[PDB]
Amino acid sequence: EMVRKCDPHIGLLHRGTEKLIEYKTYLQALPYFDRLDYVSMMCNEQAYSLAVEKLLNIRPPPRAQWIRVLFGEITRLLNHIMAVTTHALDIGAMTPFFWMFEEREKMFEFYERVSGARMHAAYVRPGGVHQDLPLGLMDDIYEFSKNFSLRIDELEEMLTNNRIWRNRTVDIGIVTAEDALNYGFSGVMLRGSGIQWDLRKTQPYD
Amino acid sequence: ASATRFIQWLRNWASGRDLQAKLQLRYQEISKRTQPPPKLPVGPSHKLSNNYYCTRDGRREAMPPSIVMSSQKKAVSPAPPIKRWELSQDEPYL
Amino acid sequence: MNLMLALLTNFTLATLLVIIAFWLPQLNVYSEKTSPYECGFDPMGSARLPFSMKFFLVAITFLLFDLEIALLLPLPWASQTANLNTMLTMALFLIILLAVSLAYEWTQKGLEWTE
Amino acid sequence: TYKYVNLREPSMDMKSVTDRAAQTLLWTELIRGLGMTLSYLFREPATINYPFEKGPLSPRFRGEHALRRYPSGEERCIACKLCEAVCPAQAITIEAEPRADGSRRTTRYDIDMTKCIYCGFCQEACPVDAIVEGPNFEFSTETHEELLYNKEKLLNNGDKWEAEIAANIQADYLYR
Amino acid sequence: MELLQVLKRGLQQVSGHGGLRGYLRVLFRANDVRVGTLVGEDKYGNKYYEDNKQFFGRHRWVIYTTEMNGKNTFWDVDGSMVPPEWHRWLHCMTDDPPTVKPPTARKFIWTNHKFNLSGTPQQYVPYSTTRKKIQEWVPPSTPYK
Amino acid sequence: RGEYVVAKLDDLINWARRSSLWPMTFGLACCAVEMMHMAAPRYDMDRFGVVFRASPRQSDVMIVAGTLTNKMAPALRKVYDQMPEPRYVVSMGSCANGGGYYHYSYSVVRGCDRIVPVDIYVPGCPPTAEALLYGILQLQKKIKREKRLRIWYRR
Amino acid sequence: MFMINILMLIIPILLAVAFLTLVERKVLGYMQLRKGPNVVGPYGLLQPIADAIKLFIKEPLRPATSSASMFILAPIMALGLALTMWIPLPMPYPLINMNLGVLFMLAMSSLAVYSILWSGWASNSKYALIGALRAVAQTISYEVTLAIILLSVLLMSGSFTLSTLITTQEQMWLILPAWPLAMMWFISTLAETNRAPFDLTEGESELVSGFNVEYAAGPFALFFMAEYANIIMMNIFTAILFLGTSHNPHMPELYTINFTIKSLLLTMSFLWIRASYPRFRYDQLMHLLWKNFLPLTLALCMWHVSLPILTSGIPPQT
Amino acid sequence: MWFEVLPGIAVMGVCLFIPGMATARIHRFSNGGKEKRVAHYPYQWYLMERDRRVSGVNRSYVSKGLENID
Ligand SMILES: CCCCCCCCCCCCCCCCCC(=O)OC[C@H](COP(=O)([O-])OCC[N+](C)(C)C)OC(=O)CCCCCCCCCCCCCCCCC
Ligand SMILES: CCCCCCCCCCCCCCCCCC(=O)OC[C@H](COP(=O)(O)OCCN)OC(=O)CCCCCCCCCCCCCCCCC
Ligand SMILES: CCCCCCCCCCCCO[C@@H]1O[C@H](CO)[C@@H](O[C@H]2O[C@H](CO)[C@@H](O)[C@H](O)[C@H]2O)[C@H](O)[C@H]1O
Ligand SMILES: CCCCCCCCCCCCO[C@@H]1O[C@H](CO)[C@@H](O[C@H]2O[C@H](CO)[C@@H](O)[C@H](O)[C@H]2O)[C@H](O)[C@H]1O
Ligand code: SF4
Ligand code: SF4
Ligand code: SF4
């Protein structure tokens with residue numbers, strides 16, 4: 001069971017998204033970005049929107065910029081719940097997935113209430129957002145956010161100091177700060193190795 | 001919300017938390033599903049005068065790239081070196 | 001008799017369940033259905049190729065340790081002896097030598113798998 | 001600002017060392033984890049009783065398509081083809097001609113529901129609120145051909161769902 | 001004692017459904033024996049209930065009629081049997097049931113709701129809605145050549 | 001009466017098969033995320049008797065949850081062939097239904113029904129978790145209608 | 001009248017196994033903030049019946065590359081040996097009263113491993129082979145420690161007879177004077193039953209289905225019935241060993257009720273543990289037993305030889 | 001609610017209670033109302049075999065008391 005070589009064969013989900021975009025207007029191409037990292041839908045929309053707004057030389061209004069950050073961080077919660085719980089599910093710990101996907105389901109409601117879609121909102125667009133927040137939505141996001149840290153605590157009670165969890169993750173897949181940079185890593189894959197880098201801090205947007 | 005007192009005590013004790021203050025099931029603190037109509041504001045370009053489009057046209061201010069060198073003194077870096085980050089005063093160590 | 005009857009009944013019950021399982025359902029056999037499974041793509045090489053054992057030394061040590069318990073399992077009976085001074089000394093002696101052999105294999109890195 | 005997630009030094013006083021020995025031998029932190037799942041056993045489950053209960057939705061929900069009418073019963077669609085032009089999936093196919101009374105109306109209006117990405121661009125583009133995505137999401141079919149909607153199907157959807165669709169548009173049209 | 005009060009509520013559910021026969025019918029039809037306030041009934045016999053002490057998502061529900069549009073739905077129920085007027089309320093798109101806020105009437109709106117007809121003789125079959133585009137020359141019916 | 005007996009035996013096997021549907025742990029793209037939300041507590045597909053199992057040998061249903069590309073097509077057909085019968089295919093989402101947003105791509109199969117037979121087509125991009133559950137309950141009612149023994153009796 | 005007694009043992013075993021599958025799915029479900037089976041029969045009570053009928057009318061497959069005879073033999077061995085484990089169990093009277101009942105159970109547990117090894121090998125597929133060789137490692141990990149843990153306990157009982165353990169524990173549960181061994185015994189039974197966090201020979205998230213990946217329909221069901229029967233049987237064994245129920249010869253059914261409650265709760269603990277922890281790595285399981293339990297088990301074995309002799313409390317041979 | 005898991009536990013409990021109750025009652029039925037004689041050692045088997053001869057009906061569990069000594 002020693003791994004002597006990993007040879008990842010990909011393209012089993014290659015759908016020529018980049019060639020297809022050449023046949024779309026800039027609006028028509030926006031929904032293709034929901035379906036890239038299809039766990040971080042609105043973050044992908046934002047990256048594409050900022051690129052088009054830059055070539056257009058226009059600026060989105062301040063309220064749209066605040067909505068984009070608000071839903072970017074809600075999306076980051078969506079992604080990290082999927083990242084952590086499915087990671088734990090693969091390692092054998094199946095129960096955090098269920099507790100936390102109920103939270104994910106409540107955040108899908110926020111997506112659906114601003115856009116009409118639980119996942120592929122197509123909500124963030126070059127110029128701002130498609131529609132304004134429906135009345136009463138910020139109250140409900142506050143109720144969700146009020147209780148969420150306790151949910152993270154339960155997740156940490158299950159994993160963080162669990163010796164079985166630590167045996168499966170401690171000193172596993174060590175990557176050095178130098179290799180991570182040269183291999184093109186980013187995000188947590190850099191910061192886990194001590195590199196102090198975050199585009200929200202160093203190259204902020206919105 | 002409908003748990004008996006002893007059951008609330010049992011699960012409070014087992015988890016080490018007061019679970020009744022932050023239930024994960026939503027009850028009546030959520031917004032009503034019917035709301036009054038909105039009246040949304042307009043943008044800065046909603047004016048009847050002093051509003052010529054040619055003075056607020058971002059696309060027509062975009063310019064072709066400046067050619068710095070083409071094939072037709074102190075050293076510099078692309079920008080100043082990045083300032084070192086400071087430790088959090090909220091909670092420096094987890 | 002009771003014992004042989006009990007074993008025969010259990011293994012006959014299991015056999016009947018297999019007979020029903022094979023003869024009751026409707027079958028449709030073709031080549032692709034019965035091909036070996038490997039997550040959708042055909043296997044590369046036979047499953048009969050050698051499979052390296054990285055815990056081979058622990059496996060041999062298991063044989064020696066598994067015979068020690070044959071020597072120890074009589075201890076409840078040996079404790080009924082009148083000569084308890086000898087019996088207690090030899091019982092402790094045997095277990096200590098088992099512990100010494102374990103400590104030797106541990107300190108010599110015999111319990112680490114080959115990488 | 002940054003913080004360290006895992007850069008702490010355990011203390012070496014005899015009490016702390018024994019506290020850790022008891023943790024290692026008595027499995028105290030594993031027992032603690034059992035407590036959490038026990039607390040969940042006695043929590044009410046989050047499951048709803050589908051199909052007798054339904055997950056909550058909002059007026060903006062994008063579901064099955066429908067072609068709408070004016071109060072008189074005339075079709076709203078005047079074959080402008082804006083929905084067809086904007087459709088990211090090229091799911092819409094339209095033909096049109098002067099109607100027998102001269103009206104500008106479609107003779108073909110198809111939506112390939114297996115091409116459609118349920119994005120709602122068509123209803124944003126429509127200048128007369130003719131094509132909408134209604135609130136229905138329970139219309140799975142046994143055959144592929146049943147999902148190739150033509151104008152008759154889409155008009156029947158509008159007549160079937162207009163009571164809900166009109167109320168949903170009433171709730172949200174001031175955000176549009 | 002609370003454990004006694006719990007048992008009292010469980011027995012109130014048998015009477016709240018009109019007895020053991022009514023209690024068993026709902027247990028085997030809907031796998032739920034809760035008792036709610038009857039919000040209303042629609043022309044097909046579906047009954048709509050609410051209990052605002054239940055958590056969001058379980059505070060509204062329908063007990064489907066046993067017969068709709070000539071079909072026996074005692075055991076076969078599906079979400080497509082809810083008509084549009086109650087569909088909005090059941091899915092919490094609105095707070096008002098059609099009893100209180102009835103939908104705007106139109107002469108072209110279906111008077112009779114229909115559920116999912118896939119798999120049946122009433123299923124939709126696609127076809128081209130346009131007339132033939134090229135007209136072919138028809139030869140004469142007389143001999144002359 | 002023979003007819004009465006085979007009619008009741010059809011009900012038993014039909015009931016057993018629809019009450020115990022085990023989908024293969026098989027997901028392809030975004031639609032698999034909504035499939036994950038059907039297993040999550042709000043819908044709890046397990047409560048209908050619907051349990052994921054990794055091995056095709058122990059699966060009754062293939063939920064094609066996402067785009068099928070040309071490179072993936074032979075693998076999907078392989079694991080379908082390796083399911084013992086009776087077996088069912090649920091096509092989930094526009095991509096699986098007919099290509100969807102990628103219908104015109106050089107690398108995408110325009111509908112998984114070019115590769116495998118499909119029992120139920122769940123529309124959407126993605127279908128909500130509830131819409132997929134409606135599709136599974138629709139599959140159950142299809143299985144309930146099966147008349148294998150009744151037809152065998154009249155052969 | 002003995003044949004009737006045999007049937008009144010194995011028919012209930014299989015029924016209890018079927019409804020343990022329902023109980024596990026409900027217990028896991030509620031621990032996971034959901035319900036689990038509650039549609040097929042009231043409170044899901046017909047769900048095990050549906051699954052059983054489903055599997056036995058499903059098409060069974062013989063893989064093209066498999067060794068036919070061994071492929072069939074292994075599931076038959078699995079269930080046959082699983083039922084054989086129950087015959088010496090005193091509840092309170094064994095079906096078969098054996099002088100060396102404990103040794104019989106050890107031997108039959110070792111033989112049941114070969115139903116994993118041969119099924120995996122006979123499948124002639126890579127995931128099946130990997131699963132089977134994980135069973136070799138698992139057996140090497142726990143077997144030596146498991147036998148010596150029993151020996152230390154039996155030095156207080158005085159015999160290898162299962163019914164003597166009832167007599168031994170008439171005043172007090174053996175869990176008191178031997179809770180360190182109970183701790184290590186309980187973990188060893190999880191490894192012995194291939195149960196989480198030691199569910200390695202199947203290891204779904206790693207090996208798809210491991211040793212039984214090529215098995216379908218009724219042959220697969222035999223493996224499922226075997227494992228779940230062993231889970232119940234090993235917790236009955238744990239109850240007899242450490243939580244001895246008092247036996248009144250004139251009211252033998254009071255013993256059965258008390259003993260059945262204890263065995264159920266111990267079985268519920270297995271499900272609870274499955275809901276709580278991640279999976280071990282199978283080399284980390286081997287290091288757990290050899291580097292932690294075995295040094296402690298050897299030391300405690302020395303202690304439990306000496307303690308009766310030094311306290312003048314050696315048990316009777318008979 | 002969690003108490004809806006109880007019905008399946010009770011069914012499991014009743015099934016697991018049956019083998020113990022059945023074995024105990026079949027032993028009494030087959031041994032003249034008493035516990036089945038346990039013979040772990042040759043002496044116990046010897047006495048049981050002697051009881052078979054003494055019974056006069058070839059059953060080791062048919063007891064003979066003072067009424068059999070004149
Ligand atoms: C713990 C153990 C649990 C065991 C559970 C046991 C299941 C209990 C429920 C049994 C229901 C009755 C069986 C019906 C299922 C048959 C599978 C099927 O769907 O076939 C469809 C087939 C359909 O065949 P067909 O002719 O319509 O078409 C198939 C052919 N092509 C592909 C061309 C179309 O039905 C049959 O062929 C025969 C049906 C007969 C039903 C009576 C079964 C008699 C059983 C004797 C079988 C002989 C072998 C002996 C087995 C042991 C006997 C018990
Ligand atoms: C008068 C003189 C008396 C002399 C005698 C005195 C003897 C008593 C004092 C001795 C110490 C008593 C405790 C001994 C119990 C065994 C302890 C043990 O083995 O734990 C260590 C083991 C390894 O832990 P780890 O941190 O990974 O590694 C250590 C560093 N190498 O840790 C583990 O085992 C981890 C196990 C992981 C799997 C756990 C899954 C289940 C957990 C919940 C079980 C709860 C226990 C319930 C027991 C029920 C009993 C019926
Ligand atoms: C690697 C090699 C390791 C070898 C380790 C050998 C360790 C042996 C330690 C000594 C074990 C026996 O220790 C010895 O036991 C006997 C009886 O059991 C005790 O003897 C005591 O009880 C016996 C009867 O039970 C009496 O006859 C005797 O009068 C009394 O003193 C001794 O007082 C004690 O010293
Ligand atoms: C009488 C029976 C009871 C007495 C105990 C008998 C068993 C004794 C076991 C071996 C004791 C000494 O031998 C052993 O040497 C190795 C050195 O590689 C040490 O092992 C070292 O590396 C291994 C693997 O990382 C770990 O156990 C540990 O992190 C470290 O100590 C052990 O800590 C030490 O225990
Ligand atoms: S919802 Fe989007 S993809 Fe579907 S028809 Fe309308 S514009 Fe086209
Ligand atoms: S945009 Fe509206 S009016 Fe124009 S063709 Fe489409 S449906 Fe008709
Ligand atoms: S149908 Fe839509 S949601 Fe599903 S995989 Fe395709 S693009 Fe993603």
Side-chain angles (χ1 to χ4, degrees), chain C residues 53 55-81 83-113, chain D residues 24-25, chain G residues 100 102-103 105-107 109-110 113 136-160 177-189 191-192 241 283-310 314:
Chain C
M53 184 192 266
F55 53 91
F56 77 92
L57 193 57
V58 194
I60 303 159
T61 309
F62 169 76
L63 296 185
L64 301 168
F65 285 29
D66 190 47
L67 261 295
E68 268 284 14
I69 72 196
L71 287 161
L72 299 169
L73 282 179
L75 281 176
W77 293 325
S79 295
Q80 315 294 348
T81 191
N83 185 213
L84 270 178
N85 318 259
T86 306
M87 169 265 162
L88 181 50
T89 305
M90 292 341 280
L92 295 181
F93 172 87
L94 249 184
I95 294 163
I96 283 154
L97 257 69
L98 182 45
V100 163
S101 82
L102 172 63
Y104 181 84
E105 189 182 20
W106 189 337
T107 47
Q108 296 323 279
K109 297 206 98 82
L111 304 182
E112 316 308 308
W113 294 20
Chain D
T24 291
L25 292 178
Chain G
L100 314 172
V102 164
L103 268 33
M105 302 201 42
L106 274 170
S109 170
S110 300
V113 177
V136 171
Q138 194 128 332
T139 311
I140 286 162
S141 303
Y142 75 77
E143 268 223 320
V144 167
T145 294
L146 190 137
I148 300 168
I149 284 161
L150 265 155
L151 169 62
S152 311
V153 176
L154 298 180
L155 281 163
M156 308 193 263
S157 183
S159 77
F160 287 106
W179 57 260
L181 295 163
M183 294 198 44
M184 290 194 287
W185 169 261
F186 181 75
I187 300 309
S188 307
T189 58
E192 205 266 317
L241 281 176
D283 69 300
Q284 298 176 342
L285 162 57
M286 189 173 297
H287 286 172
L288 172 69
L289 273 274
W290 282 64
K291 292 185 171 175
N292 299 268
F293 285 16
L294 187 59
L296 202 75
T297 290
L298 289 174
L300 279 162
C301 185
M302 283 165 66
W303 176 236
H304 278 282
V305 170
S306 290
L307 171 64
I309 288 155
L310 81 93
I314 299 167

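Below, chains carry the letters A, B, ... as their sequence lines are ordered, and counting in each starts from 1.
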Review point. Any donor-acceptor pair under 3.5 Å linking the side chain of G:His304 with the backbone of G:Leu151?
Key: no
Exercise for review: Taking all heavy atoms of G:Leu300 and all of G:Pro180, pick out the closest pair and write down the distance.
Suggested key: CD1-CB, 3.9 Å
Point to revise | Heavy-atom closest pair, residues C:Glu105 and C:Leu57 | key: OE2-O, 3.7 Å
Practice item. Supply the atom-to-atom distance G:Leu146 CG to G:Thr189 OG1, rounded to the nearest 0.5 angstrom. Key: 8.0 Å
Revision key, fill the gap. Taken in chain and number order and not counting sequence neighbours, the residues that satisfy side chain to side chain contact (heavy atoms under 4.5 Å, CB included) with G:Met183 are D:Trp27, G:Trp179
Check your understanding: side-chain contact (heavy atoms from CB on, under 4.5 Å) between G:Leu150 and G:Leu241: does it pass, once the steps are laid out?
Key -> CA-CA 9 Å; G:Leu150 265 155; G:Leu241 281 176; 3.7 Å; yes
Review point. When you measure from the side chain of G:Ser109 to the backbone N and O of G:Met105, does any donor-acceptor pair fall under 3.5 Å?
Key: no
Review point. What about G:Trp290 and C:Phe55, are their ring centers closer than 6.0 Å?
Key: no
Review point. Is there side-chain contact between C:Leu64 and C:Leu67, with heavy atoms separated by less than 4.5 Å?
Key: no
**Study point:** C:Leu111 to G:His287 - nearest heavy-atom pair and separation
**Key:** O-NE2, 2.8 Å
Check your understanding: Got G:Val153 and G:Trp185 here, is their nearest side-chain heavy-atom distance under 4.5 Å?
Key -> no
Check your understanding: Can any side-chain N or O of G:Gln138 pair as donor or acceptor with the backbone N or O of G:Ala191 at less than 3.5 Å?
Key -> yes
Check your understanding: Do C:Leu84 and G:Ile314 pass the side-chain contact (heavy atoms from CB on, under 4.5 Å) test, and can you show the C-alpha distance, the side-chain angles, and the key distance before you say yes or no?
Key -> CA-CA 11 Å; C:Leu84 270 178; G:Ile314 299 167; 3.9 Å; yes
Check your understanding: Tell me, do G:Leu307 and G:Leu155 make a side-chain contact under 4.5 Å, heavy atoms counted?
Key -> no
Practice item. Could you tell me which non-hydrogen atom of C:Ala59 sits nearest to which non-hydrogen atom of C:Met53, and how far apart they are? Key: CB-SD, 4.2 Å
Check your understanding: If you look at every heavy atom in G:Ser152 and G:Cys301, which pair is closest and at what distance?
Key -> OG-CA, 3.4 Å
Check your understanding: Short question: side chain of G:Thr145, backbone of G:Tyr142 - any donor-acceptor pair under 3.5 Å?
Key -> no
**Study point:** Interatomic spacing from CG in G:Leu154 to CZ in G:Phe160 - rounded to 0.5 Å
**Key:** 5.5 Å
Check your understanding: How long is the span from the CH2 atom in C:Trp106 to the NZ atom in G:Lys291, to the nearest 0.5 Å?
Key -> 6.0 Å
Review point. OG/C:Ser79 to CG/C:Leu88 distance, rounded to the nearest 0.5 angstrom?
Key: 8.5 Å
Point to revise | Nearest atoms (heavy-atom pairs only) where G:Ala147 meets C:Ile69 | key: CB-CD1, 3.8 Å
Review point. Does C:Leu98 offer a backbone N or O that forms a donor-acceptor pair with the side chain of C:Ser101 under 3.5 Å?
Key: yes
**Study point:** Spatial distance of atom CG (G:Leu294) from atom CD1 (G:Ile149) [nearest 0.5 Å]
**Key:** 9.0 Å
**Study point:** Short side-chain to backbone donor-acceptor contact, C:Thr107 and C:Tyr104, under 3.5 Å
**Key:** yes
Practice item. Start with the C-alpha distance between C:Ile96 and G:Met302, add both sets of side-chain angles, then the distance that settles side-chain contact (heavy atoms from CB on, under 4.5 Å), and finish with yes or no. Key: CA-CA 8 Å; C:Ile96 283 154; G:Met302 283 165 66; 3.8 Å; yes
**Study point:** Between CE on residue G:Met286 and OG1 on residue G:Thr139, distance to nearest 0.5 Å
**Key:** 9.5 Å
